[PDB]
Structure formats: C-alpha cells, structure tokens
C-alpha cells in the first residue's frame, strides 16, 4: 500500500504558524465590509492554526491559558523530525482513508520510528513551502505530536478528519461528547495542515455549540473567516467545480449541525448521532 510522500509541513525555523487566531482576535469594520455579529465570540475558549513546528508550539504555549488542549484534526500520518513538522501525503492528502484516530496513531508511530535518527532522510517540499527542491535531513529525533504536546504540559486530542472534507458522523459524535466532558476552564487549540477548512470547521462547531440559539448561521460562518479562518461558504468562479461541489457537502453539514445545536444547546439533551436518528 502507498503510505504517501514524506513531505514538509513546517520547517524547524518557522515560528508562529500561519493562520493562527484566537477568539479574541480583532474583527474590524471597513467601509464596504461590515463586521458580523460578535455576540458570544470572545468567550468561546478556542483558537486555531495551521501545522506548527516544535518551536512554533513552544511559542504558542507562552500565550496558552492553563489547561489548554491541542486538538489535532489530521487523518494523515504526521509528526516531527527534529523541529520540522513532516507528513506523509497521499494524492489530495487522503492519508489513512476512512481510518479512526487509534489506527492513525499506530500507523504514524511506525512511520516516524522508521525515520528516527536516520541520516539522509529526503523530505519533499511543495512549491508553496520553499520547494520544489527537497530537503535532506537527519539524523534527527522523530516524535509524534502527542509526545511534543506532552513534553510541554499540554493536552492532546486526535480526531481523524480527511483534508478538504467534513468530519465523519463518528468524529462529530466523539467531539460533541468531548466538548460536553470539558470543565469550564479548558481551552481548545485546533489545527490541521493549513489551518483552513478543517480547523475553521471545528472552530465553527465550537461556536455553534455555544451560540447557535442566539447567533445567525451566516454570522458564525462570517466571523470565523474574519478571525483568520477560511471562508466555509466561498466558492470559485467556476474554475474548480469539484472543490466547490465539495464544500457543498460540508456547508450542508454545518447547517445540519447549526440546527442540531439549536435543538440541543451545548450538545444536550441529545447527542449528534441520536438527533440524526430521531
């Protein structure tokens, strides 16, 4: 089976990851662009980013509140080689297709163990990340993000979400139950590879779980973009019907979730699965 091209997500020298934002980040009105509703946004105890280097994680920790949790949304196998964030990229970044976080953790641990402290590990670089010339790295220590988070005293939760896709119903169920289990002081920092579709989706889910009964759907979508996320409602001008007709299923899900969070504020009395069955 194809395990993917070992690819660079973030060089070790990178600091704050791209698309980093917290729910306290500014939304500023422009002449021809009004600010969406701010109601309930600041109190969400949530932030997000793209994939960070180890140094980027240590920098972010300087501003994380107590009892912060890194929520890793990547279904693809990934980790760190030295300070570098690296991943195994299948076509369209569909690593570990359909597999849950428990499988992903072991598969990725096996791949990281194979590059741990080996010289001459060749790491592909996308054109957008300083390529196309690959990097040759090693011998460097290879660690999972779970270990990186633990080494900083940070919580860590893995949820397997395929890039460019909505979360599976089983992941949404697990996340709602996780959200309900949290004491009031726990902060969630979401990340994926790019900090766009997946991170923005889950920050939106957190937003809806608190604010769906009192804030309009389009304002929640709009403000997660304005904070620094991606636009979950945007489409191309027709240049990419597939990519456009893929955000479609995700937007349908987000409205299905918005309705659920209005019927079950905070995820209660019914969970996601039950509500769907009803």
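Numbering follows the first chain given and starts at 1.
Visitor: Between 15-23 and 266-274, point out the one with the higher average CA B-factor as the PDB entry records it.
Guide: That would be 266-274.
Visitor: Out of 125-133 and 97-105, which stretch has the higher average CA B-factor listed in the record?
Guide: Higher mean C-alpha B-factor in the PDB entry: 125-133.
Visitor: Maximum C-alpha temperature factor per the entry, among 66, 213, 229, 56, belongs to which one?
Guide: Largest recorded C-alpha B-factor: 213.
Visitor: Among 48, 43, 36, 238, where is the Cα B factor highest in this entry?
Guide: Max CA B-factor in the entry, restricted to 48, 43, 36, 238: 238.
Visitor: If you rank every modelled residue in this chain by C-alpha B factor, which third holds residue 165: lowest, middle or highest?
Guide: According to the entry, residue 165 has a C-alpha B-factor in the chain's highest third.
Visitor: Comparing against every modelled residue in the chain, figure out the third that the C-alpha B-factor of residue 142 lands in (lowest, middle or highest).
Guide: Middle third by C-alpha B-factor.
Visitor: Comparing residue 60 with the other modelled residues of its chain, is its CA B-factor in the lowest, middle or highest third?
Guide: As the PDB entry reports it, the C-alpha B-factor of residue 60 lands in the lowest third of its chain.
Visitor: Against its chain's modelled residues, does residue 119's Cα B factor rank lowest, middle or highest third?
Guide: It belongs to the highest third of the chain when residues are ordered by C-alpha B-factor.
Visitor: Select lowest, middle or highest to describe the third in which the CA B-factor of residue 70 falls within its chain in this entry.
Guide: Lowest third.
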